[PDB]
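To start, the structure under review is shown below, and the notes come after it.
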Amino acid sequence: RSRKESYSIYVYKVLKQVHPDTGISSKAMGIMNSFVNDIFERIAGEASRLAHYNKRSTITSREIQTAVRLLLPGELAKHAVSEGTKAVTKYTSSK
Amino acid sequence: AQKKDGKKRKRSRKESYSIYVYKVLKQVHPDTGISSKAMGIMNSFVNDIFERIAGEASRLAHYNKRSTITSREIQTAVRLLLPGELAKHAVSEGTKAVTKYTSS
Amino acid sequence: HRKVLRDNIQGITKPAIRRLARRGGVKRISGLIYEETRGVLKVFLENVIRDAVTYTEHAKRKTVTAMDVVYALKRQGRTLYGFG
Amino acid sequence: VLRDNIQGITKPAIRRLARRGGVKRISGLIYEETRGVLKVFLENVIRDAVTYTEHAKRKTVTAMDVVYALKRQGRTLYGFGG
Amino acid sequence: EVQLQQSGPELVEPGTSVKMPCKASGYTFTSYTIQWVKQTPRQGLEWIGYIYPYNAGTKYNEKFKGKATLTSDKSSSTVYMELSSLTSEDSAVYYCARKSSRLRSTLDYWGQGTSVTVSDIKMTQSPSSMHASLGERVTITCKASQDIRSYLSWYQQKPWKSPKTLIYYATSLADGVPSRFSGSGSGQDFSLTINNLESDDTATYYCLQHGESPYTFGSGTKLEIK
Amino acid sequence: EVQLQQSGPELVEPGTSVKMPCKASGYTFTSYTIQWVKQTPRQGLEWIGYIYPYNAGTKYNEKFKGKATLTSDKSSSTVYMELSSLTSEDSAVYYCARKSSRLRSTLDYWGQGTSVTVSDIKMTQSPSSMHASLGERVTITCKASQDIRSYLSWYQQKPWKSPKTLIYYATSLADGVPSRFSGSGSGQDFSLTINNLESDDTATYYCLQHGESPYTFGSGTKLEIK
Amino acid sequence: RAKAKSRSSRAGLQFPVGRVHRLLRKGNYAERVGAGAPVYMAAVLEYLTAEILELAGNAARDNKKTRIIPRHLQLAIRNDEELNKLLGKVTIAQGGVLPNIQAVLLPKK
Amino acid sequence: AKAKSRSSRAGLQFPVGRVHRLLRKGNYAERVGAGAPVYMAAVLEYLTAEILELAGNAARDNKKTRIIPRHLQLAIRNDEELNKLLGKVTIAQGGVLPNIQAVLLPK
Amino acid sequence: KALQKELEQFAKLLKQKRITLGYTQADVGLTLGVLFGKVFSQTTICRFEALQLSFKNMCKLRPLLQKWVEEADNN
Amino acid sequence: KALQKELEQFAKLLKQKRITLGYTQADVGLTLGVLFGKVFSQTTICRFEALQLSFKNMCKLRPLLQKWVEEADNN
Amino acid sequence: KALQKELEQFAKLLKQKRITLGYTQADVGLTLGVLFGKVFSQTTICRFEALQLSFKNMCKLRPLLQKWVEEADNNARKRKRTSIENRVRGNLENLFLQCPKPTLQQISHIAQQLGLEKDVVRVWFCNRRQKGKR
Amino acid sequence: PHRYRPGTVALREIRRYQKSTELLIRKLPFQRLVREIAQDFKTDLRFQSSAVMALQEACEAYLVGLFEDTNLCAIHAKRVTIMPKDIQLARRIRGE
Amino acid sequence: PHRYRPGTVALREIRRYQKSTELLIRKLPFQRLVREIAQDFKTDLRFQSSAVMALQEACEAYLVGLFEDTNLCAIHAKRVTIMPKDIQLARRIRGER
DNA sequence: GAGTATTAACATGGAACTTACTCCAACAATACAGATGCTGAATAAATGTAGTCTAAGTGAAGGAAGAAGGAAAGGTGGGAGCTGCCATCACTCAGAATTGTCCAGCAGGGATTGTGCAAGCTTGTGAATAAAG
DNA sequence: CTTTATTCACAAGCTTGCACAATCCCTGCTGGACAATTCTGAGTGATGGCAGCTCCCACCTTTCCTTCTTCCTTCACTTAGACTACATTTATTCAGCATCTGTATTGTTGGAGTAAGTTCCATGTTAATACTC
């Protein structure tokens, strides 16, 4: 019974996008799920602290961008910021 | 569904724990002062311990899927964060304070 | 009842500690390394298991789950992937 | 514009820091390594503080930004607010 | 679980030196100070001193300075007490007890004690001798000289046995002690009350203050039932 | 800020060896790999290999296997290239470039290059050379033999100068490059567009792919103004 | 109504923007969420996952394997300085260690 | 209409109301029971009183009648439980514990 | 209570006699199969001397090793 | 039956030529990598001279040593 | 000292009667103006009910509530206080260490700027000088 | 017969155990040790299999990292044999 | 003339700088170094004096802890003179390298 | 009118009721998975020797670190001016939350399948011993 | 003593054969998307002023540089034993199967406890006032 949600299908879709013929085991999927949850918790905690420091009650894309800059190393943070900015621009320009 | 002049706008004029720390110091050491730097250190310590215990209690409530942070969560956070005798005496003080509070 | 567990740190044998040192790149191991390694392992295990049992007790459960061990490790700065 | 300021962390200051740390004898090459280590630590902390300042849309680095940066590197500092 | 192993009885001559260990197990050895006290029939219990193995920090009683020296061995988790120039008035029972570094904590666990025989705040216990039935109410008082802010403990000691902690912080029940015993008071007036007296309530009861630097015990009260 | 200092010109007789340094400054030395490219008039630009100073792992081109050896010295932040058995067909300009370990990153900062004089996927650029005045539009193509998922970069090289990065990841503008340049396309067809021309636009434009193990450059397109 | 195509397709992402927004709202991080924060966040998570998966797939292909196991993920993370710094205090179950023997330990010629 | 605020009710010097407001506005949980701020405030008061008494004893064993950051550093670093609780904390102007290695001593 | 001391004493005597005479436990298990036609593994002899098996199975295996013991002292 | 006589004569010729010029098996393996870009250990050379390798392996390594012999006869 | 205990007991039973009647302290302060033409504020009633004012003030406020108790058993507003604005507060506090005694000539000039009476400015500067003295 | 010199088989085992990823301690003794350690806090505790597996993985990872630090300490002192003082120095520098 | 042997002046300096609590680096050179480092991240930046004081306190505490670890490493190698390899080993074990 | 003290009104945050809701004990019922026990292969750990090679002790050289003394420089603290931005306050409007619907994306369970382990066979090599120079 | 050909043990590659686990498919179901409404949070500005810059000066404490002294670090050489390597024996582990049951999970109140709101009240500061000069 019950129902537990995970990032398995999204990680599989990303894997098929970057490696169309490479598979992944269940243990590797669990490792990827733990990694995604850890990175989500880290970025969300940094964004929450940044919002609390500036007396704001809203977490925006600016807070997530600053948290990504704080938490990730150099080229990793730069490419992550580029991908996030591209996603936000395409989302706003959509509809 | 009504504001009624919006009294929520309160200004925190650099509020700290200095008065209560001074009261505790007078309780434990009646004839002893404390410098401004030491009081700032104690304010930073109190804020750090508050943040640590509150974060641990919030994580404890989130793990158990509860929406409320009760004294049980605070007690478990105190047991997790503080070392042995420190955690035991802190639990005793918290239990005594809660029992005195919910008795009048 | 379930009997009682006594000693049990001698079950972490000398060849097991030797293999753990071999994975770490150790070429030569002194004869006194094994007792110190057993003490260090027991201290680390006690520190993790105390937090895990505290997490289990707060949940009003009698079974220590993998999630409790994961939170106990994560709170010690030893985050573990693959058991969430 | 400032340049060549790591030499302002002089040799006797490094000897004083070693003496507070309990060191008895200091090698001659210790000073350059200490300056490099201090430069790396200062670069990391100042970059974090400048990121905190830029997020607030300020031009003045405050003690709060430095304290927040030191906390997020695991090096929590007392006596400077917060 | 927590144990403080000691040695047997020492027989010694005047002018000699005696070294006794306090091998401890069942807890983190560096987190609790080891206190040493001496017990003689003439003046009861006396606080010799203590050593903190975390930083090897010692502190001795003023009247025991020089006569007693404390050392710690972290590798074996042991504490050694050395007495030099043993005079006539050294034949006594030497006890080593555990005590946390917290100011509220008291000496919770005591060793068996070694009998060594050679061939300021004053604590006042009012009832020196006392009688009670098997179900009566009893009370003892430990009015202090100076002001101690609830840093008072109550101990019970059977004959030829190490003292057992009953109350710490003047109101708190010790670990494993039933709720029959009740501590009360603060400041300079304290009291230990026993609800009903069993057969096991026949012992000597002592009060110890650890508010100031020299820890002083009370005179003691002997309670034998019926 | 970020710079790579190389050595000067070298005259070498056949059968000997030559070492060139790549002293890097302005960035964390261990977090970026050093790539080595050989440029000749006969075959244009060719990728030799790379070395990662973080773990010292190197990867060489198959045709350059054994011909060249890469070494790192983290104390001086230097990368050395050793060429043994200097063939007569080895006179060329050897550039050392910085590349992040991220797959999306490209060779961003290049050294001046050292000239040495001795005594797969195919990249097809459609316009080998084109003529344009000051204010037209310029388009170049970089058709790929195989499929590379957007792992294409564009470089502009003035005569007797190191190459300069314009577009990385087939669409993104490089650092310090104006928005007039624009990359487009993915898969096997890629396009580089210059909106309005300029007298500083007179140079040779190459396209490099780094989606596979051996990195391959384009044939080269020559652009001159007026 | 009309179709209701998902927010992830709107942002051109594989990760779930709606689930990320729901987790942000219920994670007790802030009173409000700004509706571009989940998109940014999902994009960053998808980029990190794609980079790690590409490195792990390359490591698997180097070992002549077509399936990624935890050893490939450990090899990808430990062989990248930025990724290793991001996951410095993280243990990967069944990932092993990087083969590294000190030069002094090897036999001398 | 009445009196006897929450700090007086709990027998505490620390502000129960301010701790309750900080818990409610700190984004820690959806709801806060009214035993959590009292327990918290009691624990904070206990820790403050413990370190304050240790620092006062350290000042008293210096012929000083005022607590400075050096006394707080001496009190914290001389207790292993307090040192472990604040092992990643730097006290400004607190100095270091006087400690010289036994090998460095001459003889 | 009564039986456990008996099988413990028999196991001690069996191990002492085996160590004295020098036969190995695998040789004991093979000689059991040779003499009595029921070969038993060296793990069985180890569990017998180490008291790991159940009381019923140890009691069932006792007379075979008793016959081996009384035979071994003379041949 | 037909091959093994031929490889025996070839091995005798190789051993005689190696002894005559004074070359060593390690030197033969090191030089072979220089000539043909594929170094082979001294174990393979000595096993080839001792005929212990299989017929397929001896046939595979015959032309390499055949080229080495004519290379060594002049240089 | 007996008068202090009598005042404490009397304030105790007026608090008990007021809690019994449900009237607030502000209700007492408003009804004092109806009873005597002497309206008192919330703070004055709180100070009297806490028993920490001056003895002369206590005796002065006593008979008014003696009559008020009998009024509540069966049965001109003052005063306006000048709450200075923050900007006006800054304009007034600009002259701490520059003009210790602005006097009437500066007071009349500054009062027209802030739209307040000259007596209010004079009283504020006198209170500022008194505070600086202590 | 044939014998390898001391250190050759040690280097071979270093190469072999750095290539594999499976656990190096037997499951049963570690489970008994975990049960005995947990019996000092609670009285009748049950353990999930995944809980003991996660505890074992964390323990082996911690021991391998500590042994790498100990090997660095031993090589720093001009030695190839790790001693207890190397482990103590590594745990002191780490902060344990 | 009386000449102090080495190892006594060092012990006196150790006791003296361990008893005191004042900052050991001069304030103006550290402020110039802080501004020089920060100018590479943003231009026209300004610092409160408390921010520079906090940075100096953090840097001094970090350097003192690193020197304690370096002294432990040097004593482990049967030496009293700290060398750059001791600092490198102490930083490597701490996780900074 | 100045100066003194005395009293009383205001700004502000906390507490006392008061009601609406929501949430988490509280038994009830039922899988089910963790524990205990057997039994036989499988793998490993413990013992006992042989023997190498490594840590540790001694000793000497040299060179590097430090102490001392003098010359110089620049850090420190105070005193001014100047203005840049920073924290406060007030407004509105654009974005974020609410709430009722519903639909289609996803999780659990069941079929399909194919990647990689395992067994063997062949092999090439590094380590280490016996021979030859 | 120097190298240089057997010998040996080991890992590594080539080639089938499955079987367990990964891939895929079906069915609900529930969580995310449409959409209009309501509710605030935060961006624009305007502002008053604090604090961060700049410059100047006088002092002297600190820093830098050179010389000589000391003693610490580094090689070199020995060797005693404590590690490693291996054959043999002994012991525990591992895997599958079976039973048993305490425990975890789901379900339906529903009463205690908490959020939100309003007003009432206690305290620090001070505008206003009586008395004197």
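All chains are named by letter (A, B, ...) in the order of the sequence lines, taking the proteins before the strands, and each is independently numbered beginning at 1. No hydrogens, no waters, no symmetry mates; every other heavy atom, side chains included, goes into these values.
- In summary, C:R18 and L:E13 do not engage in a salt bridge, as defined by a charged side-chain N under 4.0 Å from a carboxylate O.
- Heavy atoms of I:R18 sit under 4.0 angstrom from primed sugar atoms or phosphate atoms, though from no base atom.
- Put simply, the side chain of G:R1 and the base of O:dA35 share no donor and acceptor less than 3.5 Å apart.
- Counting non-hydrogen atoms under 4.0 angstrom, J:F55 reaches nothing in the nucleic acid.
- Side-chain to base pairing of K:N57 with N:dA8: no donor and acceptor N or O lie closer than 3.5 Å to each other.
- For A:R3, the side-chain atoms get nearest to N:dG108 when compared with the rest of O:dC121, N:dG108, O:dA127.
- Residues K:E49 and K:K15 are not paired through a salt bridge, judged by the lack of any N-O separation under 4.0 Å between the basic side chain and the carboxylate.
- The base of O:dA122 does not come close enough to the side chain of K:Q42 for any donor and acceptor atom to sit less than 3.5 Å apart.
- Rounded to the nearest Å, the gap between the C1' atom of N:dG3 and that of N:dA80 is 36 Å.
- When rounded to the nearest whole Å, the span between CG of L:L45 and P of O:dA104 equals 10 Å.
- When each of M:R26 and M:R46 is assigned the nucleotide of DNA chain O bearing its nearest heavy atom, the one mapping closer to the 5' terminus is M:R46.
- Atom CZ in K:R129 sits about 21 Å away from atom P in O:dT125, given to the nearest Å.
- For the pair D:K59 NZ and N:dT83 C1', the interatomic distance rounds to 13 Å; values are reported in whole Å.
- Using the Watson-Crick or G-U wobble rule with both distances under 3.5 Å, O:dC25 pairs with N:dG109.
- Counting any heavy atom pair closer than 4.0 Å across all strands shown, K:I45 reaches no nucleic acid atom.
- Of all nucleotides present, none satisfies the Watson-Crick or G-U wobble test against O:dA5 with each distance under 3.5 Å.
- Using a 4.0 Å heavy-atom criterion, one finds that G:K64 contacts no nucleic acid atom at all.
- Nucleotide O:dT74 holds its P atom 11 Å from the CZ atom of D:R25, rounded to whole Å.
- Judged by distance alone, the side chain of K:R129 and the main-chain N or O of K:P100 form a donor-acceptor pair under 3.5 Å.
- Under 3.5 Å, the side chain of K:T43 and the base of N:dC10 form at least one donor-acceptor pair of N or O atoms.
- Pucker assignment for O:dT47 gives south. The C1'-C2'-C3'-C4' angle has a negative sign.
- Nucleic acid contact class of J:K60 (heavy atoms, under 4.0 Å, all strands): sugar-phosphate only.
- Side chain of I:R47, nearest nucleotide from N:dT115, N:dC24, N:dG40: N:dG40.
- Going from atom CZ of K:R79 over to atom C1' of O:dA127 covers 10 Å, rounded to whole Å.
- With the nearest nucleotide of DNA chain O identified for both M:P6 and I:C46, M:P6 has the one nearer the 5' end.
- In this structure, O:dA127 forms no base pair with any nucleotide, since neither Watson-Crick nor G-U wobble geometry is met with both distances under 3.5 Å.
- We find that CD of B:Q2 is positioned 22 Å from P of O:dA115, with the value rounded to whole Å.
- In this model, the phosphate group of O:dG43 is approached by a side-chain N or O of A:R56 to a distance below 4.0 Å at OP1 or OP2.
- Taking atom CG of residue M:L23 and atom P of nucleotide N:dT76, one finds them 10 Å apart after rounding to whole Å.
- Nucleotides of DNA chain N nearest to M:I25 and D:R15 differ in position, and the one nearer the 5' end is that of D:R15.
- If you measure from atom CZ of L:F30 to atom P of N:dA45, you get 15 Å, rounded to the nearest angstrom.
- For A:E5 against N:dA107, a side-chain-to-base donor-acceptor contact under 3.5 Å is absent.
- In this structure, A:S8 reaches neither bases nor backbone, as no heavy-atom distance under 4.0 Å exists between it and the strands shown.
- Across all strands, L:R15 comes closer than 4.0 Å to no nucleic acid atom at all (heavy-atom distances).
- N:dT129 is unpaired under the Watson-Crick or G-U wobble criterion, no partner having all donor-acceptor distances under 3.5 Å.
- J:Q52 comes within 4.0 angstrom of the backbone, heavy atoms only, and of no base.
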